[PDB]
Amino acid sequence: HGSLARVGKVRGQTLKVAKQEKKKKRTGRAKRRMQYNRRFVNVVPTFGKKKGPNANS
Amino acid sequence: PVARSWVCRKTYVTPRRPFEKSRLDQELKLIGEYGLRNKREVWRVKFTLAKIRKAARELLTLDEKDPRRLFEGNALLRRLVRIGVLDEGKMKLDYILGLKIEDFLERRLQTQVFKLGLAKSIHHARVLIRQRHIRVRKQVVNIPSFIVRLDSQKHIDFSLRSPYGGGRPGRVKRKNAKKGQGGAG
Amino acid sequence: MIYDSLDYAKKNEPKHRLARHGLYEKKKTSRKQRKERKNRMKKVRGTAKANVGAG
Amino acid sequence: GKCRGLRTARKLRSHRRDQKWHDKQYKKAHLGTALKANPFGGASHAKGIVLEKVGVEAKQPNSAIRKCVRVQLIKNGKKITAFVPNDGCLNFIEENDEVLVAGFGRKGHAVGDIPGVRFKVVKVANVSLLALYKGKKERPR
RNA sequence: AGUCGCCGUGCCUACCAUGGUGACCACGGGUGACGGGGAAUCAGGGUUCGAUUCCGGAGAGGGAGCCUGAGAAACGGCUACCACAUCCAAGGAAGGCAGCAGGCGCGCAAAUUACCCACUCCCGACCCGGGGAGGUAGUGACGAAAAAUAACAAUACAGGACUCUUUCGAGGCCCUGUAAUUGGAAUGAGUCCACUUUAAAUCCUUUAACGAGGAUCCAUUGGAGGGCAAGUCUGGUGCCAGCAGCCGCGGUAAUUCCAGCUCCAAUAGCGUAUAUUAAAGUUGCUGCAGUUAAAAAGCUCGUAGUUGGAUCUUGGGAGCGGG
Ligand SMILES: [Mg+2]
Ligand SMILES: [Mg+2]
Ligand SMILES: [Mg+2]
Ligand SMILES: [Mg+2]
Ligand SMILES: [Mg+2]
Ligand SMILES: [Mg+2]
Ligand SMILES: [Mg+2]
Ligand SMILES: [Mg+2]
Ligand SMILES: [Mg+2]
Ligand SMILES: [Mg+2]
Ligand SMILES: [Mg+2]
Ligand SMILES: [Mg+2]
Ligand SMILES: [Mg+2]
Ligand SMILES: [Mg+2]
Ligand SMILES: [Mg+2]
Ligand SMILES: [Mg+2]
Ligand SMILES: [Mg+2]
Ligand SMILES: [Mg+2]
Ligand SMILES: [Mg+2]
Ligand SMILES: [Mg+2]
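Structure representation (structure tokens):
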């Protein structure tokens with residue numbers, strides 16, 4: 003039935019980009035400290051515009 | 002047929018609404034303050050507290066002048082005063098309902114060694130406890146969640162077999178003095 | 074536990090404790106070998122110095 | 002209104018009994034008709050054999066081809082259609098490959114824009130198709 | 001009235017009588033039916049499971065009949081028929097793993113032909129002998145408890161709370177983070193002596209000699225339109241490939257596809273499928289509804305069932321204790 007020739011078109015039609023290395027991130031208990039000292043007091047700008055933690059602009 | 006036990010219960014409970022944005026702050030707040038690794042450790046304390054709070058809620062529903070109540074009610078007070086959360090001068094069984102999570106977190110060991118000097122940036126405190134540098138009246142402890150009684154808060158110090166508390170230095174400092182004497186020099 | 078005499082010991086004492094010290098000795102045949110033979114000796118009847126031979 | 006006496010229990014208990022069968026879920030479960038007619042014998046998964054590979058068309062507002070397969074079972078002998086979720090993965094399947102199938106998530110009901118499919122393939126040749134997609138493994142040639 | 005039976009009884013035999021059960025559900029049929037103590041969920045009331053370590057019952061390939069014995073219709077006792085099945089010199093003989101290990105098949109689906117009678121208990125002619133009952137190691141992310149994967153002090157300032165400052169900016173109480181591993185300290189994972197434990201061994205614990213520079217002793221599973229916590233970033237594709245529990249996305253500027261940075265949640269665990277509880281006051285005793293949304297028999301009588309008016313010794317006292 004139909005035309006099955008065109009399976010895996012896009013997943014084979016895309017280029018092969020490679021990845022990078024940056025670091026390993028802290029794991030376990032230290033990571034929770036990062037979030038605390040980052041979010042609730044790091045530098046505290048009073049006005050946030052209700053802006054998010056990944057808003058790229 | 003075997004000689005085994007099979008007895009086991011759980012010690013925590015998950016909430017019903019996973020993403021709420023109002024408690025995630027409180028949870029993560031408690032962590033950075035009292036220095037924990039997971040949400041799970043918090044969830045344990047609420048489970049202890051609810052059950053205390055459950056039982057006392059039932060004794061109140063019983064009448065007064067009932068021997069069960071006069072047995073268990075006087076007994077429960079006695080533990081929380083022993084543990085040092087609840088305070089003498091009030092033993093009424095209705096001041097138990099006004100209890101919070103923070104009282105049972107302050108009463109762990111990690112905090113007391115910190116409030117009692119000795120720790121210097123509380124995350125240090127946990128590392129010391131797990132590195133086996135500390136004792137309680139005779140014995141070393143390798144556990145942060147050890148609830149400390151009130152009878153036994155005047156007897157905490159470094160274990161005796163540590164570099165800190167009167168003992169032999171460690172793997173590094175024992176091979177740098179080696180350099181001062183016969184290695185580098 | 075302390076005993077009054079060395080002879081009272083092996084009167085009332087477990088053997089495995091005794092053999093800790095070089096005092097008692099124990100025979101060994103692995104107990105699979107042993108009962109294997111025990112299920113033998115039942116296919117031959119009565120013959121004394123045969124069953125003493127154990128085939 | 003309601004009966005509401007002090008010694009009415011036989012009536013009420015009875016009334017709830019014969020009147021509970023008019024609920025769809027209870028009726029489905031406690032009668033064997035859905036059960037003996039289910040291709041799976043009250044079970045989650047099942048192995049079976051491939052015998053065709055076809056493409057099913059979709060509903061109106063969408064337009065595509067969803068790359069399903071005709072599959073025969075080992076124990077029962079019945080026949081069914083099944084779906085292969087991912088991009089480019091039908092090519093990973095040969096003829097007569099002894100696959101493992103499962104449900105989709107709606108407990109006998111059709112899902113989405115596919116007209117009459119309620120099974121998805123999971124494992125071909127015992128090497129965990131999802132892992133095979135990600136390149137954590139290859140097939141046992 | 002008797003026979004048989006360890007004893008009572010239509011349990012059986014002869015002679016008489018015609019009775020016994022039933023809408024308060026007999027009878028018949030189904031059960032993914034061994035029963036119970038109990039298990040999960042649970043405001044209060046309930047719904048579902050219970051083969052599974054304790055008690056009781058039943059069975060030892062399917063059926064029947066027996067010997068011994070205080071006790072068995074035994075099955076690791078016998079004898080026959082059926083189904084299966086091993087030797088064989090072709091005349092004949094031997095068999096029952098739903099006992100411990102192991103194997104074949106079956107299927108979505110389930111461990112070692114290991115060591116010991118040292119513990120617990122049993123049996124015997126017995127302080128002495130036997131026990132795949134039982135203990136002990138092995139496989140084991142069914143599941144449950146504790147708890148690692150970095151800590152610190154100088155170097156700077158993005159900056160902040162404060163002393164000072166018409167601004168920067170000086171003390172830095174105090175903080176964070178990114179780069180320099182700048183700097184030395186502390187630890188165990190991991191090798192390997194020794195002892196202890198053990199029936200004999202292992203593991204735990206105790207303790208000598210080694211043992212970290214953060215390119216390494218490297219934390220994953222899932223997602224980022226909404227429900228629902230988190231990118232209107234970049235390249236490719238063009239109603240094709242594909243996503244999507246539901247609504248929906250894709251027809252050349254895709255917040256949803258294929259990929260890269262970035263971020264979010266749980267964390268040594270996380271996803272997926274299927275049953276089953278709460279949510280379900282969407283099976284309602286507690287506690288729904290019935291004009292038009294699904295819904296009150298066309299009307300009346302009527303047996304079982306359920307439900308049924310008012311009424312018969314009240315005070316006043318007596319021995320007392322309080323405001
Ligand atoms: Mg068993
Ligand atoms: Mg059955
Ligand atoms: Mg049972
Ligand atoms: Mg029997
Ligand atoms: Mg059999
Ligand atoms: Mg028999
Ligand atoms: Mg038997
Ligand atoms: Mg047998
Ligand atoms: Mg077996
Ligand atoms: Mg399994
Ligand atoms: Mg666990
Ligand atoms: Mg993406
Ligand atoms: Mg979402
Ligand atoms: Mg339900
Ligand atoms: Mg409710
Ligand atoms: Mg309704
Ligand atoms: Mg429904
Ligand atoms: Mg109500
Ligand atoms: Mg109508
Ligand atoms: Mg009346």
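Residue numbers (the authors' numbering), protein chains in the order written: chain ee, 3 to 59; chain JJ, 2 to 186; chain YY, 74 to 128; chain XX, 2 to 142. Built from N, CA and C at the ideal position, the CB exists for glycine as well.
When rounded, the separation of the alpha-carbon atoms in JJ:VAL8 and JJ:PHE48 is 19 Å.
JJ:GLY33 is positioned such that its CB atom lies closer than 8 Å to that of ee:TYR38. In this chain, the beta strand (DSSP E) harbouring JJ:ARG136 covers 135-137. Residue pairing by DSSP places JJ:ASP158 opposite JJ:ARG136 in a beta bridge. When DSSP states are grouped into helix, strand and coil, XX:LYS121 belongs to the strand group. Residues of chain JJ with a Cβ closer than 7 Å to the Cβ of ee:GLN37 are, in chain order, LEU29. For XX:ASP24, there are no CB contacts under 6 Å within the same chain when 5 residues up- and downstream are skipped.
Close CB contacts of JJ:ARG41 within its chain, under the 7 Å cut and outside five residues either way in sequence, are with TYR13 (chain order). It is roughly 7 Å from the alpha-carbon of JJ:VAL86 to the alpha-carbon of JJ:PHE105.
Under the DSSP assignment, JJ:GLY85 falls outside any alpha helix (DSSP H); it carries neither an H nor an E label. What ee:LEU6 touches in chain XX, judged by beta-carbon distance under 9 Å, is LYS54, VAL55, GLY56, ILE66, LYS68, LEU91, going in chain order. If you look at XX:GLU53, you'll find it in the beta strand (DSSP E) that goes 47-55. Under DSSP, ee:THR16 forms no beta bridge with any residue. For XX:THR82, the pairing in a beta bridge is given by DSSP as XX:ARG71. Inter-residue distance for JJ:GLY36 and ee:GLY30 is about 12 Å (C-alpha atoms, whole angstroms). In the structure shown, JJ:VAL141 falls within a strand segment according to DSSP collapsed to helix, strand and coil. Fully enclosed alpha helix (DSSP H) runs of no fewer than 4 residues occupy 31-41 of the region 23-57 of chain ee, in order along the chain. Comparing C-alpha distances from XX:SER129 to each of XX:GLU99, XX:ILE81, XX:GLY42, XX:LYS76 shows the shortest one belongs to XX:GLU99. For XX:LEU101, the pairing in a beta bridge is given by DSSP as XX:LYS48, XX:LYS124. Only residues of its own chain outside the window of five on either side were considered, and among them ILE66 have a CB closer than 7 Å to the CB of XX:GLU58, listed in chain order. A direct Cα-to-Cα measurement between ee:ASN58 and ee:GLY50 gives close to 14 Å. Taking a C-beta cut-off of 9 Å against chain XX, the contacting residues of the region 9-42 of chain ee are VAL9, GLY10, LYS11, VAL12, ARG13, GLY14, listed in chain order. By the Cβ rule, the region 95-105 of chain JJ does not count as touching the region 159-167 of chain JJ, because fewer than three pairs are nearer than 8 Å. Taking C-beta separations shorter than 8 Å and ignoring five residues to either side along the sequence, the partners of YY:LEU91 in its chain run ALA82, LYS83, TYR97, following chain order. XX:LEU133 places its beta carbon less than 8 Å from that of XX:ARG140. Within a 10 Å sphere around the beta-carbon of XX:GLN26 sit fewer than 16 other beta-carbons, which makes this residue exposed. Segment contact: the region 71-80 of chain XX against the region 37-52 of chain XX, three or more CB-CB distances shorter than 8 Å; contact assigned. DSSP lists no beta-bridge partner residue for JJ:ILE123. In the same chain as XX:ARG107, and ignoring 5 residues on each side of it, the C-beta atoms closer than 8 Å to its own belong to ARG119, in chain order.
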